[PDB]
Asks: 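One structure coming up, written as structure tokens, with questions to follow.
Labels below follow one simple rule: chain letters A, B, ... track the order of the sequence lines, proteins then strands, and each chain is numbered from 1.
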Amino acid sequence: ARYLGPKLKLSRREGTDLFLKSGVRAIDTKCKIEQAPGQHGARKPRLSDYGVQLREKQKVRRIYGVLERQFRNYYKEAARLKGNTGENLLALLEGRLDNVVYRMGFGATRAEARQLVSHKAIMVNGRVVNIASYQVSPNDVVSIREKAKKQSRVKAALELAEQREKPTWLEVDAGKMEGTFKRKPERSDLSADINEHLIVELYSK
Amino acid sequence: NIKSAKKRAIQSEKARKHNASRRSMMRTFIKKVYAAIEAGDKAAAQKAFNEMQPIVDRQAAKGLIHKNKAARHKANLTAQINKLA
Amino acid sequence: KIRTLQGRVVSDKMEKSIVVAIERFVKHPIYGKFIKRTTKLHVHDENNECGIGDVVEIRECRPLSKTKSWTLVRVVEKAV
Amino acid sequence: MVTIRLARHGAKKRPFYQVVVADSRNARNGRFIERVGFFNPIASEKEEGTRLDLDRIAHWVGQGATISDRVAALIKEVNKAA
RNA sequence: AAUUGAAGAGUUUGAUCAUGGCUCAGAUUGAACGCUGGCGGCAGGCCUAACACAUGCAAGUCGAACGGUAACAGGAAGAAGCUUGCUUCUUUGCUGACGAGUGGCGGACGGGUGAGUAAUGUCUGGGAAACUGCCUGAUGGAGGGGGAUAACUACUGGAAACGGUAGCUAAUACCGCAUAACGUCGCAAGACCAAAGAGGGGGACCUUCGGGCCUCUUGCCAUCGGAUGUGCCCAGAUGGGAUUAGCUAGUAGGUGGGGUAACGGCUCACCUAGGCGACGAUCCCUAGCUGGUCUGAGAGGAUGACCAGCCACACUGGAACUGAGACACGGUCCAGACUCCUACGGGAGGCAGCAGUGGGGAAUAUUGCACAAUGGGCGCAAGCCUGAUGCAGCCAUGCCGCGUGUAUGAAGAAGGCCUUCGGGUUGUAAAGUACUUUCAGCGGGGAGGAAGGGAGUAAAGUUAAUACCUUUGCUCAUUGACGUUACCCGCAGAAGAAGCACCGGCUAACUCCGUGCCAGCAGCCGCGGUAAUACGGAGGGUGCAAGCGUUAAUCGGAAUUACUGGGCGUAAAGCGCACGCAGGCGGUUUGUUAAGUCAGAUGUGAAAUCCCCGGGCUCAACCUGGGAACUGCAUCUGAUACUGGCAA
Ligand SMILES: [Mg+2]
Ligand SMILES: [Mg+2]
Ligand SMILES: [Mg+2]
Ligand SMILES: [Mg+2]
Ligand SMILES: [Mg+2]
Ligand SMILES: [Mg+2]
Ligand SMILES: [Mg+2]
Ligand SMILES: [Mg+2]
Ligand SMILES: [Mg+2]
Ligand SMILES: [Mg+2]
Ligand SMILES: [Mg+2]
Ligand SMILES: [Mg+2]
Ligand SMILES: [Mg+2]
Ligand SMILES: [Mg+2]
Ligand SMILES: [Mg+2]
Ligand SMILES: [Mg+2]
Ligand SMILES: [Mg+2]
Ligand SMILES: [Mg+2]
Ligand SMILES: [Mg+2]
Ligand SMILES: [Mg+2]
Ligand SMILES: [Mg+2]
Ligand SMILES: [Mg+2]
Ligand SMILES: [Mg+2]
Ligand SMILES: [Mg+2]
Ligand SMILES: [Mg+2]
Ligand SMILES: [Mg+2]
Ligand SMILES: [Mg+2]
Ligand SMILES: [Mg+2]
């Protein structure tokens, strides 16, 4: 299921940082970013249309830590939903429980948040939820379990998450380790580099 | 043959012979009326119809000829007798 | 008022019987052109004196002999 | 002969019956005259655990249909929210 | 809310534009094969031989219908060796029950298969000349008799299967008679047809003291209904072939008789010569049909595996009995092929029911547990039966979910590969360090599917009856195959968990070495004849992931059968020309009809499935509430511009 492999390779191939590390380092020092992976690493700089479409799709997939089958299911759901397909897809990707935990900052990375969720450290609406792909809905309180609280992992993740982007679609107490999903992130609330309208055509090919 | 259905076989056989006897009796009584009509004797035809009528009526009640058939025989023979007379 | 049909006799000599052809204008399922079909049926009628090109009124009734479950009701005009 | 009975239509280990008016000779999930209501043995805390329209049940009962044990128990248990 | 819908590329030429074929990128499956393989949920699992089958099970149930004691669980009497009053042993049906037998109901349901069937079936929409076990409403009866038989005894034939002779006995078995209307036959007067009892309890008056008698429950008979099921008829639709054009004598129609529950050439006697067919008869090949499934923007194309409705069949051919209902899967009889047993005289058999075997095939599972739940058969009930059903076992066959750790980490370690020999890559990757234990494994706790049924009490109901019985409350013990259940808790430990294809273009991803038109690759173009990004190996990279790839099949792309939506001067394609039947189409003015056409209403279009809004399994798959859709068909009521008919 999971990737279970080198992380900087994905960022090097995609040409940008995908936030796969804590943040103290591993952005310029031990990355050799913008150099592509392998022997023919530098000696290459050309790409076709289909290449750029695939690259954007794989960039989104590697950012959110998902596989092709589940991503295709997400695309089908987004297309089914009435509205803008790209916005629906991005909202579906952002609504994942592990992604919401990472946004709240209880985990340094998507992998760490997913590990917490799998190891039963996150509760939703006063209940345990062991599934990482659980879909979070508006007006939902996401918090850490009472028992096993105050762990070194989350303790060392909060201060790092103290100031990276300050998401506006959810509330974070930063006290008792609780938050809230009050609204659904709008496109604006989410980057700008992703050309969702290329994934939409990739899945139309 | 393999389940206790041999009881059903025996019952069917005995009921078959019994019902065959009743059917033969009723058919004899019905056919003598037609013989009378062919002979053209009005009195004989009427007399043969009379004592025959209860036989068919009661065999219908017993569940062997059914009311519609019992009434069909009577209606046809009555029509023929009325035409002959 | 009861359900009935209308058609042309164009029937041959027969004892108290005639065949009628009901004309219907139906649309082709695929190509959409309107074309005419025919459904010949046998009709029972006593005092039968109908002609060839006669228009008759037909009505569904009890099965009267095989291939015969229709009887006439009225005749509108004659052939000649 | 017409009777009112249940029809298991749930999933494995999660039954969900539907009370139907069907001839007795037919199969459990076979043809039925009409569907009256449903029943969920997993009541849970939801606001809908069992529902059936008594109008048609009374119609069929007064027309000559019988009631299974479970259906009769459900009828006399529901009565009217009591 | 339930219409957010349409991509192209390679390949003919020195090059170009067309035309035109082939190939590829997508989706899907009851798949199979190769490599690999941790867990769980839901579903699926002989597509070929309707080939043949060892063994086990899959239809029994009523003593509250009746004779009865073959088992034996009690009791009593009597005879007795006596434990000395307690045991034992032969009778005894009083008894809780009950093998075998008569009788009633059921075996026509459930389950299996797709051989046959091209419309005698199926779908849609209608109809009249019919029946209908069990279940329900109403109105009325339930009187009195008879003759047998099984079982059971005494003999006898038999290897078995299975019998034969002579006697006795009961019934809700059987058969008269009484009774006859709203029922049947008739215009009417008239004639005629039925019945079974059983069980619970107990005052008064009488008993051959075995019960009458009162009451309650249930059961039986006749008619009219209801509902359900089944039978029949009509119209339209439902594959291919014209290198199949004529086919039909009971054939088409009529009168009369017969027959069926019912109409009907359904069947006979006679009379007429009719009937079907180019709008495709007859003949030949193939095929179960539908709701639906796949694909597609749609229209269309393919398809009918699972689920649901209908049809047909049960070793092959045929027939009928019983029954309400069969022309009957685990019934009967006859014939046939095959197999088996035999004491050689004679007999038995039908897995296309659930397991399972042989065989065929690329290919498809356990000779399992339980009637706990639902549903059926019998029964007043308890209860019995149920390979239906609920579960479990095997398979990555499919869809969905999770894991195979996380953070830090430069000496950019070693080794491998390349290297212009400066270095680059593998690569934060590894080692090291700091953390966690989902899922596996070990040990504990513990929902739900369970409603009912039973025993005992209170109230009401019925009645000569505080009885008995029914209904409604209450109290007491309970009823789980799954099941080492789901789920929760505790210990330890990165410990047990990643592979497959591809890298010349289409098409995402490049270098070295070996080989030298050889070995080999290959979906198409095509590579390889000493410097191969195309063969083999290595390093590196891309894609997918408990899966990956190949083969098989359908649709799409294919506007490449073009109705939506194509063409014929030269690319395929105008008959050598003409006349003409059927057929198609048809100038203009008015009236009428209302067929085509259009509008509204009613009925219908099963459920499931698809879609929209919600709810429940820890999310999803999955399950489920409501709606929409179900584009159709029929009837009725209107419109009269156009097409059609009639008239001028
Ligand atoms: Mg048994
Ligand atoms: Mg017995
Ligand atoms: Mg059946
Ligand atoms: Mg009797
Ligand atoms: Mg009498
Ligand atoms: Mg006749
Ligand atoms: Mg007929
Ligand atoms: Mg298309
Ligand atoms: Mg078909
Ligand atoms: Mg019969
Ligand atoms: Mg049978
Ligand atoms: Mg069998
Ligand atoms: Mg089998
Ligand atoms: Mg083989
Ligand atoms: Mg998966
Ligand atoms: Mg329990
Ligand atoms: Mg490329
Ligand atoms: Mg070389
Ligand atoms: Mg096409
Ligand atoms: Mg063309
Ligand atoms: Mg010419
Ligand atoms: Mg001409
Ligand atoms: Mg004109
Ligand atoms: Mg009209
Ligand atoms: Mg939900
Ligand atoms: Mg639904
Ligand atoms: Mg429907
Ligand atoms: Mg006109």
Asks: Tell me whether the OP1 or OP2 atom of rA194(E) has a side-chain N or O from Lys62(B) closer than 4.0 Å.
Replies: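 So the side chain of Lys62(B) is outside the cut-off, no N or O lying under 4.0 Å from OP1 or OP2 of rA194(E).
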Asks: Using a 4.0 Å heavy-atom cut-off, does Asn40(D) contact any base of the nucleic acid, only the sugar-phosphate backbone, or nothing at all?
Replies: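 No contact at all - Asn40(D) keeps every heavy atom at 4.0 Å or more from the nucleic acid.
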Asks: Could you tell me if the bases of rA196(E) and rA195(E) meet the stacking criterion, namely six-membered ring centres under 5.5 Å apart and ring planes under 30° to each other?
Replies: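 No: the six-membered rings of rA195(E) and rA196(E) fail the 5.5 Å and 30° test.
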Asks: Would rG121(E) and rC276(E) count as paired if we go with Watson-Crick or G-U wobble and both distances under 3.5 Å?
Replies: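 No.
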Asks: Looking across every strand, which nucleic acid part, if any, lies under 4.0 Å from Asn73(A) by heavy atom: base, sugar-phosphate, or nothing?
Replies: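 Sugar-phosphate contact only.
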Asks: Since syn is defined as within 90° of 0, does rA335(E) count as syn or as anti?
Replies: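 Anti conformation for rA335(E).
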Asks: Note down whether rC182(E) puckers north or south, where north is a positive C1'-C2'-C3'-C4' and south a negative one.
Replies: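 Because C1'-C2'-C3'-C4' is negative here, the pucker of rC182(E) counts as south.
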Asks: State the sugar conformation of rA159(E) as north or south, using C1'-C2'-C3'-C4' as the deciding torsion.
Replies: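 Sugar pucker of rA159(E) - north, given that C1'-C2'-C3'-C4' is above zero.
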Asks: Centroid-to-centroid, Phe38(D) to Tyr17(D), below 6.0 Å?
Replies: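 For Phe38(D) and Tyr17(D), the ring centres are not under 6.0 Å apart.
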Asks: Contact class for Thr29(A) (heavy atom, under 4.0 Å): base, sugar-phosphate, or nothing?
Replies: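 Since a base atom lies under 4.0 Å of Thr29(A), the category is base.
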Asks: Starting at CZ of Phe19(A), measure out to CD1 of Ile27(A) and round the result to the nearest 0.5 Å.
Replies: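 Interatomic distance, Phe19(A) CZ to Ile27(A) CD1, rounded to 0.5 Å: 9.5 Å.
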Asks: Give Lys6(B) one of three labels, base, sugar-phosphate or nothing, depending on what nucleic acid heavy atoms sit under 4.0 Å from its own.
Replies: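 The residue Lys6(B) makes no contact with any strand.
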Asks: Within the 4.0 Å heavy-atom criterion, would you say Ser44(D) contacts the bases, only the backbone, or no part of the nucleic acid?
Replies: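 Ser44(D): no heavy atom of the nucleic acid under 4.0 Å.
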Asks: Looking only at atom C1', what distance separates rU322(E) and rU316(E), rounded to whole Å?
Replies: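 26 Å, rounded to whole Å.
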Asks: Reading the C1'-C2'-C3'-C4' torsion of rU12(E), is its sugar north or south?
Replies: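 Since its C1'-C2'-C3'-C4' torsion is negative, the sugar of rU12(E) is on the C2'-endo, or south, side.
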Asks: Test the consecutive nucleotides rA352(E) and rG353(E) for base stacking (six-membered ring centres under 5.5 Å, planes under 30 degrees) and report the result as yes or no.
Replies: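 Not stacked, because at least one condition fails for the base rings of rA352(E) and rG353(E).
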Asks: Watson-Crick or G-U wobble between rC224(E) and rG137(E), both distances under 3.5 Å?
Replies: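 Paired, yes.
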Asks: Say you pick atom P in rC334(E) and the same atom in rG323(E); how far apart are they, in whole Å?
Replies: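 It works out to 22 Å between them.
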Asks: Just checking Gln18(D): base, sugar-phosphate only, or nothing, at a heavy-atom cut-off of under 4.0 Å?
Replies: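 Sugar-phosphate only.
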Asks: At less than 4.0 Å, is any side-chain N or O atom of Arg55(A) found next to OP1 or OP2 of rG543(E)? Yes or no.
Replies: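 Result: yes.
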Asks: Mind checking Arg69(A) for me? I need base, sugar-phosphate or nothing, with any heavy atom below 4.0 Å counting as a touch.
Replies: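 Answer is sugar-phosphate: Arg69(A) comes under 4.0 Å of backbone atoms only.
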Asks: Within the structure shown, what part of the strands sits under 4.0 Å from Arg8(C) by heavy-atom distance: base, sugar-phosphate, or nothing?
Replies: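 Nothing, no heavy atom under 4.0 Å.
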Asks: Just confirming the chi classification of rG167(E), syn or anti, using 90° around 0 as the syn window.
Replies: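 Here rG167(E) takes the anti form, which means its glycosidic angle is more than 90° from 0.
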Asks: Identify which nucleotide among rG541(E), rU322(E), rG229(E) has an atom closest to any side-chain atom of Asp23(D), counting heavy atoms from C-beta outward.
Replies: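 Looking only at heavy atoms from C-beta outward on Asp23(D), the closest nucleotide is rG229(E).
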Asks: How far, in whole Å, is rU433(E) from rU419(E) if one measures between their P atoms?
Replies: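 It works out to 38 Å between them.
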Asks: By nearest heavy atom, map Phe16(D) and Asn84(A) onto RNA chain E; which one lands nearer the 5' end?
Replies: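 Counting from the 5' end, the first nearest nucleotide belongs to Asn84(A).
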Asks: If the cut-off is 4.0 Å, is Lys69(B) near the phosphate of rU260(E), judged by side-chain N/O to OP1 or OP2?
Replies: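 Looking at the OP1 and OP2 atoms of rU260(E), one of them is under 4.0 Å from a side-chain N or O of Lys69(B).
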Asks: For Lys67(B), answer base if it contacts any base atom (sugar-phosphate contacts may also be present), sugar-phosphate if it contacts only those atoms, and nothing otherwise; contact means non-hydrogen atoms under 4.0 Å.
Replies: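 Here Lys67(B) touches the backbone only, sparing every base.
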Asks: Report which part of the nucleic acid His28(C) touches: base, sugar-phosphate, or nothing (heavy-atom distance under 4.0 Å, all strands).
Replies: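 Result for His28(C) = nothing.
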Asks: Using a 90° cut-off around 0 for syn, call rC209(E) syn or anti.
Replies: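 Syn, since the glycosidic angle lies within 90° of 0.
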Asks: Look at all strands and tell whether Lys66(C) reaches a base, only sugar-phosphate, or nothing, counting heavy atoms closer than 4.0 Å.
Replies: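 Result for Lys66(C) = sugar-phosphate.
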Asks: Between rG264(E), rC279(E), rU228(E), which nucleotide gets closest to the side-chain atoms of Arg37(C)?
Replies: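 Closest of the options to the side chain of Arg37(C): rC279(E).
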Asks: Check every atom of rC544(E), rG229(E), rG541(E) against the side chain of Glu68(A) and return the nucleotide holding the closest atom.
Replies: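 Closest nucleotide to the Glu68(A) side chain: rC544(E).
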Asks: Read from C1'-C2'-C3'-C4', is the pucker at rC221(E) north or south?
Replies: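 Judging by the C1'-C2'-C3'-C4' torsion, which comes out positive, the sugar of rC221(E) sits north.
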Asks: In whole angstrom, give me the gap between the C1' atoms of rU437(E) and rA492(E).
Replies: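 Approximately 10 Å lies between the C1' atom of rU437(E) and that of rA492(E).
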Asks: Within the structure shown, what part of the strands sits under 4.0 Å from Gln35(A) by heavy-atom distance: base, sugar-phosphate, or nothing?
Replies: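 Sugar-phosphate contact only.
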Asks: In terms of side-chain heavy atoms, does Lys68(C) have a donor or acceptor partner in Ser17(C) at a distance below 3.5 Å?
Replies: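 The criterion, which ignores hydrogens and geometry beyond distance, is satisfied for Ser17(C) and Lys68(C).
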Asks: Quantified in whole Å, what is the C1' atom distance between nucleotide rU153(E) and nucleotide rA465(E)?
Replies: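 These two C1' atoms come out 50 Å apart once rounded.
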Asks: Have a look at the sugar of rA594(E) and report north or south, taking a positive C1'-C2'-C3'-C4' as north and a negative one as south.
Replies: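 Torsion sign negative, so south.
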Asks: Considering only side-chain heavy atoms of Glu201(A), which listed nucleotide, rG277(E), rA7(E), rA2(E), is closest?
Replies: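 When the side chain of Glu201(A) is considered, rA7(E) is the closest of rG277(E), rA7(E), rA2(E).
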Asks: Considering only atom P, compute the distance from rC577(E) to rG298(E) and round it to an integer number of Å.
Replies: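 47 Å, rounded to whole Å.
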Asks: Quantified in whole Å, what is the P atom distance between nucleotide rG331(E) and nucleotide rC109(E)?
Replies: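 Per the computed distance, 15 Å lies between those P atoms.
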Asks: Please tell me whether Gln59(B) and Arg22(B) have a donor and an acceptor in their side chains that are separated by less than 3.5 angstrom.
Replies: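 Yes, because at least one side-chain N or O of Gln59(B) sits under 3.5 Å from a partner of the opposite role on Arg22(B).
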Asks: Could you tell me whether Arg59(C) contacts a base, only the sugar-phosphate backbone, or nothing, with contacts defined as non-hydrogen atoms closer than 4.0 Å?
Replies: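 Nothing: the residue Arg59(C), judged by heavy atoms under 4.0 Å, touches no strand.
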Asks: If you assign each of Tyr203(A) and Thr109(A) to its closest nucleotide in RNA chain E, which residue comes earlier from the 5' end?
Replies: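 So the residue in question is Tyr203(A).
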Asks: Which is true for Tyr34(B) with a 4.0 Å heavy-atom rule: it touches a base, it touches only sugar-phosphate, or it touches nothing?
Replies: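 Counting heavy atoms under 4.0 Å across all strands, the contact made by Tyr34(B) is with sugar-phosphate only.
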